[PDB]
Number of protein chains: 2
Amino acid sequence: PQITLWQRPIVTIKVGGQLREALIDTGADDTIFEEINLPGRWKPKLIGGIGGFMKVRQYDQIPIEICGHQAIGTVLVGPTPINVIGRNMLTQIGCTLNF
Amino acid sequence: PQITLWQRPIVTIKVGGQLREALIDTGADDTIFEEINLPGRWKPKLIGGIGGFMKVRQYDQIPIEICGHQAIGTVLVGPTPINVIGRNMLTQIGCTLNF
Ligand SMILES: CC(C)CN(C[C@@H](O)[C@H](Cc1ccccc1)NC(=O)O[C@H]1[C@H]2CO[C@H]3OC[C@@H]1[C@H]3C2)S(=O)(=O)c1ccc2nc(NC3CC3)sc2c1
């Protein structure tokens with residue numbers, strides 16, 4: 001759909017067989033969830049934001065459904081304050097900015 | 001214009017008489033710049049992100065030009081890794097998400 005920005009642009013997602021809410025985040029290169037349980041092998045990764053860096057687990061080739069749209073890609077798991085859908089997934093569902 | 005997300009959605013802004021580049025950031029409630037010199041009174045503020053909290057100066061009712069569009073609002077100044085235009089300004093210029 002079209003989403004205005006008067007409120008946080010939060011959408012419902014399905015990942016790893018679990019349901020979560022996440023922020024559509026154009027300022028995020030990558031996609032980050034707190035407290036999901038994904039299968040398989042992962043790589044430790046350090047990522048930087050406001051306030052410094054945080055350690056995450058990097059999982060590759062993870063299917064995700066984002067407001068009804070299917071995608072597959074890297075998902076980072078770590079102690080983010082809010083789950084974020086970043087550009088690596090937003091490009092797959094055709095998300096654009098308009099003004 | 002329309003902006004796709006294959007690259008970071010960086011735009012040119014004018015604020016405090018200075019020219020900067022900034023990321024259009026739908027995941028940001030507020031607007032944050034590193035190293036700009038704004039006039040007048042400010043109040044200290046702590047804000048949270050990935051990796052923890054950071055101290056910023058909060059300046060209110062600051063005029064800003066964002067890719068040619070005029071707005072006025074709160075601008076935070078502090079050691080962010082990249083300048084971000086958040087929803088407090090994006091709503092003023094009519095920015096929306098589309099997919
Ligand atoms: C900082 C920004 C440049 C990047 N971020 C995305 C932002 O959209 C972030 C989302 C968020 C919201 C809430 C809490 C935590 C985070 N927003 C934020 O921190 O906003 C803050 C402050 C601003 O106003 C209020 O609104 C929310 C609060 C609050 C005060 S990220 O998460 O660090 C981030 C995300 C993905 C990512 N991928 C990388 N890959 C590597 C490169 C190859 S690096 C990387 C960094």
Side-chain angles (χ1 to χ4, degrees), chain A residues 3 5-11 13 15 20-34 36 42-60 62 64 66 71 73-92 95 97, chain B residues 3 5-11 13 20-34 36 43-60 62 64 73-92 95 97:
Chain A
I3 303 177
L5 294 171
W6 301 97
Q7 302 283 337
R8 289 181 174 175
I10 302 285
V11 298
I13 73 102
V15 66
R20 296 289 190 271
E21 292 186 281
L23 181 64
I24 295 174
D25 189 354
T26 60
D29 296 339
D30 282 290
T31 292
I32 314 170
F33 283 80
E34 180 51 305
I36 58 168
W42 51 273
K43 300 153 47 196
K45 198 202 176 117
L46 294 172
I47 63 174
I50 272 169
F53 68 92
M54 86 170 178
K55 199 192 148 300
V56 302
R57 305 180 174 191
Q58 177 178 337
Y59 293 85
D60 297 324
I62 300 299
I64 192 162
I66 299 160
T74 298
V75 173
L76 311 183
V77 183
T80 179
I82 187 155
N83 304 322
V84 295
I85 309 302
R87 293 185 297 104
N88 73 303
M89 300 292 198
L90 293 177
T91 51
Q92 295 182 59
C95 187
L97 292 159
Chain B
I3 304 180
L5 294 175
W6 302 96
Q7 303 281 337
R8 290 182 174 174
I10 303 303
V11 298
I13 74 100
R20 296 290 190 271
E21 294 190 281
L23 179 64
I24 292 175
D25 190 355
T26 59
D29 296 339
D30 312 301
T31 291
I32 313 169
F33 284 80
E34 42 158 20
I36 61 174
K43 29 215 193 185
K45 188 181 180 156
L46 300 162
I47 64 178
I50 281 315
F53 279 75
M54 83 166 176
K55 237 184 298 173
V56 301
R57 304 179 169 192
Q58 178 178 336
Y59 294 84
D60 298 324
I62 301 298
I64 191 164
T74 295
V75 176
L76 311 182
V77 182
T80 177
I82 186 156
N83 305 320
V84 298
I85 309 303
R87 290 186 299 104
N88 73 305
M89 301 289 197
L90 292 176
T91 52
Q92 295 185 57
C95 187
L97 290 157

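Just the heavy atoms: all of them, side chains too, but no hydrogens, waters or symmetry mates, feed the values below. For ligands, and for the atoms within them, numbers begin at 1 and follow the listed sequence. Labels below follow one simple rule: chain letters A, B, ... track the order of the sequence lines, proteins then strands, and each chain is numbered from 1.
Between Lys45(A) and ligand 1, a contact under 3.5 Å exists for no N or O pair. For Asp30(A), a nitrogen or oxygen atom sits less than 3.5 Å from a nitrogen or oxygen atom of ligand 1, counting backbone and side chain alike. The distance criterion of under 3.5 Å between nitrogen or oxygen atoms is not met by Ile32(B) with respect to ligand 1. Annotation: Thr80(A) places no N or O atom under 3.5 Å from an N or O atom of ligand 1; distance criterion only.
Taking each heavy atom of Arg87(B) and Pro9(A) in turn, the nearest pair found is CD-CD, 4.0 Å.
Considering only non-hydrogen protein atoms, atom 6 (C) of ligand 1 sits nearest to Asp25(A) OD2, 2.9 Å. Residue, atom and distance of the protein heavy atom nearest to atom 26 (O) of ligand 1 are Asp29(B) N, 3.0 Å. For atom 31 (S) of ligand 1, the closest heavy atom belonging to the protein is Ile50(B) CG1, 3.6 Å. At the shortest separation from atom 27 (C) of ligand 1 among protein heavy atoms lies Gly27(B) O, 3.9 Å.
Within the 4.0 Å heavy-atom criterion, the part of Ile82(B) lying near ligand 1 is the side chain and not the backbone. Counting heavy atoms closer than 4.0 Å to ligand 1, residue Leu76(A) contributes nothing at all.
The ligand atoms of ligand 1 that sit less than 4.0 angstrom from a heavy atom of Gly48(B) are 21 (C), 22 (C), 28 (C), 29 (C), 30 (C). Set against the non-hydrogen atoms of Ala28(A), the atoms of ligand 1 under 4.0 Å away are 35 (C), 36 (C). Close approach of ligand 1 to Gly49(A) is summarised as follows: ligand atoms under 4.0 Å from at least one heavy atom of the residue are 33 (O). Listed by atom number, the atoms of ligand 1 under 4.0 Å from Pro81(A) heavy atoms are 14 (C), 15 (C).
Counting only distance, with no hydrogens or angles, the side chain of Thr26(A) and the backbone of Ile24(B) share a donor-acceptor pair below 3.5 Å. Between the side chain of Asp30(B) and the backbone N or O of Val75(B), no donor-acceptor pair lies under 3.5 Å. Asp60(B) places no side-chain N or O within donor-acceptor distance of the main-chain N or O of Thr74(B), the cut-off being under 3.5 Å. For the pair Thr91(A) (side chain) and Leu5(B) (backbone), a donor-acceptor distance under 3.5 Å is absent. For the pair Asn83(A) (side chain) and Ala22(A) (backbone), a donor-acceptor distance under 3.5 Å is absent.
Taken to the nearest 0.5 Å, the CG atom of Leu90(B) stands 9.0 Å off from the CG atom of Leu97(B). Atom CE of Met89(A) is separated from atom CD1 of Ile13(A) by 8.5 Å, given to the nearest 0.5 angstrom. For the atom pair CD1 of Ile66(A) and CZ of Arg20(A), the computed distance is 15.0 Å after rounding to the nearest 0.5 Å. Separation of atoms CD (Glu34(B)) and CE (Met54(B)) is listed at 9.0 Å; rounding is to 0.5 Å.
In this structure, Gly86(B) falls outside the shell of residues with a heavy atom less than 4.0 angstrom from ligand 1. Under a 4.0 angstrom heavy-atom cut-off, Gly51(A) registers as lying outside contact with ligand 1.
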